[PDB]
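Notes follow the structure.
We did not get these values from a lab; they are worked out from the coordinates using the rules stated. Every residue, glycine as well, gets a Cβ built from its backbone with ideal geometry; the counts of neighbours run over all protein chains shown.
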């Protein structure tokens, strides 16, 4: 059915962590194959790789992976396959990795660098666990009970072994771990193997014998099997070690140990001659042990040549010097020792500073002459002897000090270990000399080979602390020399190299040894895996997995850190890590160990796709979460939306051993009674568990793996066997339903000698409660407090006490255990309050140390059908939503909610935190995303969610205000029914289920939006869809305002929250700048029409107003609005199908045509009907014919700081140029309309940026309007070409169009060369940078004409014909370098003297430029200008730079990856902003260089709509 996981990658190809579970590994969940199918019938898993659109990796990017393409292909580690990344700037690309067989797979990405070079990412591994079945019943990996048994002590025959099998089968273990079942060596240690390719001839002969015994275990006792595999060493007496001695580190293969060889055999030569030498041998004399090796200083050290291994032979070099004296970096005595080291780095020969031969380090005498020729006496006798001798002696000064530090560690390590082995340090074991025991532990197992030579391999062991990853036998280490090796004489080196080329027979023999056990057993076990080299373990485990595809791997892995552990688990394919419960020194350490492997906290948050995922409109869905069948064994999606289960790093699985075959007995470390609680605490952990044989049967002491020959007793059902039968059988009931990490929860408590373990299943509410009194020591009576479980019922399951009945039987042929009584306990009182639904549990006074009690518990209100009810129905509930109604479910600012609630409601106040930014689900999701990611159950929202049901009912009771709107009623009922069911749960579970219901409904709403919008939005990246959701944030119906004076309908707000209510909401300039991005790009055609019709009614003076008071008394101080309005009409007709129908739409006009007064009530309002066709011409003709007025109701009651002359602004056209002028020095007719008001700074009524005269945007939009109506008349959709002049003259629209074409660039452009200043009208006394397009033509203050501002880019976008390309490309490149901030566009050139980029509206200081906000447009970085900027930056770079073009499919020149990369880099700060903002949008304004402006509006309509304009450009022109 559906076995697909989603693996999202970053912009650098790295996998993204959906949750923070800690340092982990991309492990895929162990699940049964679909019923009936077997390996190969279908992909076991499919990893969906998600690559971000436009990321640098997509540039000629390839997905490499070592995953076989099909089941027929064998797995090769280093054979990677190619996958083509489908590059797009809008849509992410998904690439499936079909996996047919378990193993270790990895992937990396190759792409074209920014340097046009090739680059590669890291290799990223993910493991697919094996499928463990016994007959035809699936064994989940975390339900494994492993009994580790040792072959030596199981008996003589196979039938004597099957007696042990029947005993562990009664204890209901399902896996047996075999110590190496092979031929042992001269020590009978199970880990020193004679020949790895034959089994113990005492027990088995052929492979068939051991293989049939294993298959008998599977069939008769339902028990699987695995074995220890030894890679690091072999026995010291192997007949194949005589044939192939190069398999170990010898003087040929590893020459550096030659010095260590001659020191080890300098002790096997002294330990035998230890009568007269070292005369007091076994005399236990601490005050004479000095003398014991004070003579060794001369017995070995003095007889080892002062060690020429380091030191250059001084006189044998002067001999070699005189021998061959005939054949500008030179120092002198002035660099005393640099002269010496000059030879060390310029005159030494291949192999210096290198341990190997006795005379390995030497000198190059043939070029020593050429160097010494450019020196002193060209004749040796003259004292060059002593000179070179000192030069050489100076060279050997560091080697001598390297020697003294070496020797000190050689003997300091000796007189410290000699003590412990024999002398009573803490563990005594005396002994003088022999061959069984010597003086020095053997360091180099020596023998004679079949080639006749006397070889010298060595043993292996473990240094105390030494990277536990380096080879002490390798040349990098000096441990065998300085005697820093704790050796095992039983075992001998195994020298693997960089591959099979360094030791061919060793790699070939271990290959057939590994695959021999892989044919038989279900898996392996690797002791000291951290010491086996990585490339060695990877190869042989891959060979094993080719034989046994379901190979289960256990490893005792204690590397340097958790990261190194995860890397080994990643690459090797380890399926389980060994944890030892006996390592806990105290009760607190045991509860902490139990805490790590117990599970997740109770009431943990559940993952959900939120506002960080793409929501493709064309997505498959489980309409009622019902397309699942239990026999399919599919991994389930989170909700009705079929976004597959996420693949995230999880901690490597664990196999918790209450006691291994290497650690001491409970009897030894603690007491015998601790065997019962220590095993119960381990068995309650949500992982794999195991135990050594004898732990359950309470053997007295740890069995010596080397010496002991006694056999396991046949005494059945001793000690814990009865309890382990109960525990293992209980875990078999649980294993059927528990699946993933979010599905098993835990609470663990430690109170003195008691440890509480509460195991809970998060799906059904079932659980187990374990009370375990530990017996680390007999430490007096201790009473445990009353146990209180909230909203839970408890049931007694079982209870036991373990008591010691005397000491252990002493025998010489059986290993018998300490007698133990197993008494069942009673007295536990379980009280249940039928009101508070609280269960109390009291322990009885007869509960001695070493006892346990188990309860079956069930959380109230939870059943198996809860998860289905919460995850279903939400899509059908959103079926009737609309792009308007979604605004009331997801957003609504607090002021927006007061509008509907008359100021009673508002946003929920989270105590100790505050209120969510929106009232709807977005306000919750913005807070919940970080909470779920970190499982922050301590967050104030998490605390409040379990403290009461207030937030639960707040989500449902809000929608009573908007119940009548489309689809809101059914959305509320879904929330009502689900939240009602949630309140019936225990309090501590409410937060997890609250965030689950909210996220599910939020996802269904966000998907509903993408479906209602157009394809370009509904198929794009998260960033584009996040931008598009701002359209829903701003378009809402209100009560206190609207866009129509008669009705309350949807109205685009300027920004939230401060531009949302009353007249502060609608602004004509803001509406029509954002109309194309928020409404046309998204597909809201009918809503964009309503806004055009609404403002068309409010035309006066031939001008569209900025401040719209819903069409009653609007403010007409906007010289910009009318041209953004007539441009939006052009954008409407260009995009909307059948958009020319808008021109003949008839709006009821309002204030009379003759620029009359204010009669909203007088019947002269609903009077002269006007079509959009005549409204456009009414604007074009009224500007040309001349306008002269003073604002209606002029006086303070409109602008109480504007001056008397400021109220009479006006406008007309200079017909020698054809462009529009207007404004004055007391004006603010443009978008930079900050009016001063500071009385302490003396600026009341002074505008900060009046833009009088020819504005670039107005003239650019005018040219766009003229070009629009000209082609419109060509198609018979515009009747008019006559334009009246104040006198009465007439000019055709084409002539006015050509006038700007001939004169616009002439007036505004400032040429780079001083030569052509005589053509572009420039007074060079007032100029700053050339190559710039002007900001204003003939303004009041002429220096404001030649200022670098982002406004000229509006003209470049709407009227590109006005620009010669080379001038426009160079001018916008300067803006990229000078005026472009990270998110906003600098409103004024930083090099200017008026540049103040910090905006503070409350400043009272006496600064004329900064006080009370005059800076508003003189430095601050605005985000919407960035949209118009990057739109033209894309356009003119695409036309100018040849690097920005590449071949177009079917011959249509498209942009290049070079340009897409430059566009993508400039939007990263925007995608970051909308990602990490409580308001899901972009700010209106930003202080200098990205600094947050507190006074800026957090989400603005035209800040995002201008970015959506860019994406629509790239889509509508290329993506066809």
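A few notes on this one:
- Qualifying residue in the range 687-694 (condition: touching a strand residue (DSSP E or B) at 6+ places or on another chain (Cβ under 9 Å), at negative phi and either surrounded by fewer than 23 Cβ atoms within 10 Å (Cβ to Cβ) or assigned to a loop (DSSP other than H, G, I, E, B) (or both)): yes
- Reported count of residues in the range 296-344, each being in a loop (DSSP other than H, G, I, E, B) and over 24 Å from residue 259 (Cβ atoms), is 11.
- The range 279-295, residues that are touching a helix residue (DSSP H, G or I) at 6+ places or on another chain (Cβ under 7 Å), loosely packed, with under 12 Cβ neighbours inside 10 Å and part of a helix (DSSP H, G or I): none
Listed here are the residues, each with its yes/no results for (1) surrounded by 20 or more Cβ atoms within 10 Å (Cβ to Cβ); (2) within 28 Å of residue 985 (Cβ to Cβ).
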| position | (1), (2) |
| --- | --- |
| 875 | yes, yes |
| 896 | yes, no |
| 903 | no, no |
| 919 | yes, yes |
| 922 | yes, yes |
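- Scanning the range 1235-1245 for residues that are surrounded by fewer than 20 Cβ atoms within 10 Å (Cβ to Cβ) and within 13 Å of residue 1410 (Cα to Cα) yields 1237, 1239, 1240, 1242, 1244.
- Across the range 875-898, the qualifying residues are those that are part of a helix (DSSP H, G or I) and touching a strand residue (DSSP E or B) at 6+ places or on another chain (Cβ under 9 Å), and the one among them that is nearest to residue 762 (Cα to Cα) is 875.
- Considering the range 1118-1155, and only residues there that are under 19 Å from residue 1078 (Cα atoms) and out of contact with any helix residue (DSSP H, G or I) (no Cβ under 7 Å at 6 or more places or on another chain), the residue that is surrounded by the fewest Cβ atoms within 10 Å (Cβ to Cβ) turns out to be 1137.
- Pairs meeting the criteria (first residue in the range 277-298 and on the phi > 0 side of the Ramachandran plot, second residue surrounded by 11 or more Cβ atoms within 10 Å (Cβ to Cβ) and assigned to a helix (DSSP H, G or I), beta carbons under 6 Å, at least 6 apart or on different chains) are 278/292.
- In this entry, residue 1304 is excluded by the filter for residues that are under 29 Å from residue 1134 (Cβ atoms), part of a loop (DSSP other than H, G, I, E, B) and in contact with a helix residue (DSSP H, G or I) (Cβ under 6 Å, 6 or more places away or on another chain).
- Only one of 625, 605 that is assigned to a loop (DSSP other than H, G, I, E, B), more than 27 Å from the chain's Cα centre (by Cα) and buried (at least 20 other Cβ atoms within 10 Å of the Cβ): 625
- When we screen 1362, 1388, 1379 for residues that are crowded, with 20+ Cβ neighbours inside 10 Å, out of contact with any strand residue (DSSP E or B) (no Cβ under 7 Å at 6 or more places or on another chain) and closer than 30 Å to residue 1516 by Cα, the only hit is 1362.
- Residue within the range 812-824 that is over 36 Å from the mean Cα position of the chain (by Cα) and under 29 Å from residue 1032 (Cα atoms) present: no
- All positions within the range 525-538 that are in a helix (DSSP H, G or I), crowded, with 17+ Cβ neighbours inside 10 Å and out of contact with any helix residue (DSSP H, G or I) (no Cβ under 8 Å at 6 or more places or on another chain): 531, 536
- Of the helices (runs of 4 or more DSSP H) lying entirely inside the range 1055-1154, the ones with 1 or more residues being within 19 Å of residue 1169 (Cβ to Cβ) and more than 42 Å from the chain's Cα centre (by Cα) are found at 1085-1096, 1121-1135.
- Matching residues, the range 1275-1296, being surrounded by 14 or more Cβ atoms within 10 Å (Cβ to Cβ) and in a loop (DSSP other than H, G, I, E, B): 1277, 1278, 1280, 1281, 1283, 1285, 1291
- Criterion violated by residue 163 - all others in (1) surrounded by fewer than 17 Cβ atoms within 10 Å (Cβ to Cβ); (2) within 25 Å of residue 39 (Cβ to Cβ) satisfied: (2)
- Members of the range 166-207 that are farther than 24 Å from residue 238 by Cα and out of contact with any helix residue (DSSP H, G or I) (no Cβ under 7 Å at 6 or more places or on another chain): 166, 167, 168, 169, 174, 175, 177
- Once the range 671-685 is narrowed to residues that are within 24 Å of residue 769 (Cβ to Cβ) and in a loop (DSSP other than H, G, I, E, B), the residue that is nearest to the chain's Cα centre (by Cα) is 685.
- The condition (being crowded, with 18+ Cβ neighbours inside 10 Å, farther than 25 Å from residue 919 by Cβ and over 28 Å from the mean Cα position of the chain (by Cα)) is satisfied by just one residue among 1507, 1485, 1514, 1467: 1514.
- The single condition among (1) in contact with a helix residue (DSSP H, G or I) (Cβ under 6 Å, 6 or more places away or on another chain); (2) surrounded by fewer than 17 Cβ atoms within 10 Å (Cβ to Cβ) that residue 641 does not meet is (2).
Matching residues to (1) under 30 Å from residue 634 (Cβ atoms); (2) surrounded by fewer than 21 Cβ atoms within 10 Å (Cβ to Cβ):
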site: 744; (1), (2): yes, no
site: 750; (1), (2): no, yes
site: 765; (1), (2): yes, no
site: 775; (1), (2): no, no
site: 786; (1), (2): no, yes
site: 789; (1), (2): no, no
site: 795; (1), (2): no, yes
